[PDB]
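K.L.:
Numbering follows the entry's author numbering, in which position 55 of the sequence shown is assigned residue number 55; successive positions increment by one, without gaps. Here it is: the structure, laid out below.
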Amino acid sequence: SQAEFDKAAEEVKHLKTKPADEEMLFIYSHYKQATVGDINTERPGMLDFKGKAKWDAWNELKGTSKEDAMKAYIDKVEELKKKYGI
Numbered sequence: 001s002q003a004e005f006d007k008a009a010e011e012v013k014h015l016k017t018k019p020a021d022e023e024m025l026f027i028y029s030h031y032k033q034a035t036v037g038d039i040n041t042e043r044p045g046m047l048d049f050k051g052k053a054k055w056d057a058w059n060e061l062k063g064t065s066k067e068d069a070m071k072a073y074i075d076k077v078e079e080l081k082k083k084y085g086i
């Protein structure tokens with residue numbers, strides 16, 4: 001059906017600690033691409049400060065091989081799972 005990806009996701013979005021913007025970004029961007037696809041949300045407007053980046057990082061992908069997005073997402077999440085975990 002699926003791999004460990006939604007798992008990676010599921011875990012990461014809960015984590016004891018809330019990952020740094022970039023950690024969240026990688027995850028986010030890739031998940032969003034692997035799942036939703038091509039940043040179809042749009043770039044921020046009000047308290048942009050800690051949002052933009054997520055937008056941009058996902059955007060940066062906008063068309064990556066979804067599968068890769070998953071692989072990568074998990075393949076990298078490990079760090080979060082080792083640093084933050086549930």
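No residue lacks a Cβ here, since even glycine has one placed at the ideal position from N, Cα and C.
Which term fits residue 102, buried or exposed, when burial requires 16 or more other beta carbons within 10 angstroms of its beta carbon?
P.N.:
With the chain covering 1 to 86 only, the question about residue 102 has no answer from this structure.
K.L.:
Within 10 angstroms of its Cβ, does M46 collect 16 or more other Cβ (buried), or is it exposed?
P.N.:
The residue in question, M46, is exposed, as its Cβ has fewer than 16 Cβ neighbours within 10 Å.
K.L.:
Can you give me the C-alpha to C-alpha distance between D56 and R43, rounded to a whole angstrom?
P.N.:
So the two alpha carbons sit approximately 7 Å from each other.
K.L.:
Name the residue from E78, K66 and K82 whose alpha carbon lies nearest to the alpha carbon of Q2.
P.N.:
Answer by Cα proximity: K66.
K.L.:
Using only the alpha-carbon positions, how far apart do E79 and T17 sit?
P.N.:
So the two alpha carbons sit approximately 12 Å from each other.
K.L.:
Do you know how far the Cα of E10 is from the Cα of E4?
P.N.:
Distance between the alpha carbons of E4 and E10 is about 10 Å.
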